[PDB]
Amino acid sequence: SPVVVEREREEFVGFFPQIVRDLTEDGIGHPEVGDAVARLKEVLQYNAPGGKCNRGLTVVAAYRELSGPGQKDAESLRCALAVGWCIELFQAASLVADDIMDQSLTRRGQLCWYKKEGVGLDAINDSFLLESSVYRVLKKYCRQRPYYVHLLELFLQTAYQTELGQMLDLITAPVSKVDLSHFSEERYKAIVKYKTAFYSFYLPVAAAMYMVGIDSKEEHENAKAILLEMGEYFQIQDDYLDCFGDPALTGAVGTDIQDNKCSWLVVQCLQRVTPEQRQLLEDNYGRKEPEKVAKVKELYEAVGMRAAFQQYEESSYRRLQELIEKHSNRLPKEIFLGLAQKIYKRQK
């Protein structure tokens, strides 16, 4: 619902300054580090805000859907928000770095933080600081809470798992050398499972779970299960949308197969190819030349990725409900649906 969803969004966004203050207020005057904390302020402000927040928001709504009447106090609510922004801070820490390693130029419609004159490789330390920030926020709101340790362990683990997924990326698709040798189906799936699924989907729910008291490992597996299908489909979708979508396209309806990106289409292609066609891709791909690009895509419609998607979004749903069945015994299915209704959308 428009009214609720947005009322939720307005509170989240309206919450950012607070976090900013939390992180720097008493630091800005510090006769020793004041210059430093003052610079931090800028980093937060340049990088943390500006996404959609559907990640951070997920904690909130979940908590909302999980807590009991006793746990909807203002205090409890603020934490949920606070823990929400944490996921936001963490991902920013991530992205800032994805940017230096990719020699990217743009992000969220602003220039990469590293590209700002006067910054440079320094951003390397800046993302370390954005990552630190996450734990400073937790210490701040949840330190005197039974679930403190769980949440600490949970963020630290996800951090490692994404770094691994990242690591795999960095190794598979080196952005200065084409090699489609390693663009496999399981590598793509493995890169996706780690680099984003964990932190994009599991993390916000798991957080809310531990905050209501569900600390049961095997209840974490039932979530992890459904949630992992979810974020996988999601990555795929972003993947499809990038090339074949448009009407109402969420910001930058630009694109980037110029970057030898291990995307689903490429992979789904190389399985549908002939040996000529493979060397076709093998050449023209990862190329910032309008001509090659057109060819690349020709190839995709030439191979018919279009229906491959419709048939995939196809099974993807179905499967999910079944998974909703096997794994939402104790948890409120409501969760995974609302999440789903904002994730499955379409675009043919």
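The first residue of the shown sequence is 1; numbering continues from there.
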Take the C-alpha B-factors listed in the entry for 206-214 and for 272-280, compute each mean, and give the stretch with the larger one. 272-280
Give the stretch, out of 193-201 and 171-179, with the larger mean C-alpha temperature factor in the deposited entry. 171-179
Options 258, 166, 76, 110 - largest CA temperature factor per the record: 258
In terms of recorded Cα temperature factor, pick the maximum from 83, 241, 248, 226. 248
Residue 254 by Cα B-factor - lowest, middle or highest third of the modelled chain: highest
Among the modelled residues of this chain, does the Cα B factor of residue 24 put it in the lowest, middle or highest third? middle
CA B-factor placement of residue 101, once the chain's modelled residues are sorted into thirds: middle
Lowest, middle or highest third - CA B-factor, residue 318: highest
What third of its chain, lowest, middle or highest, does the C-alpha temperature factor of residue 265 fall into? highest
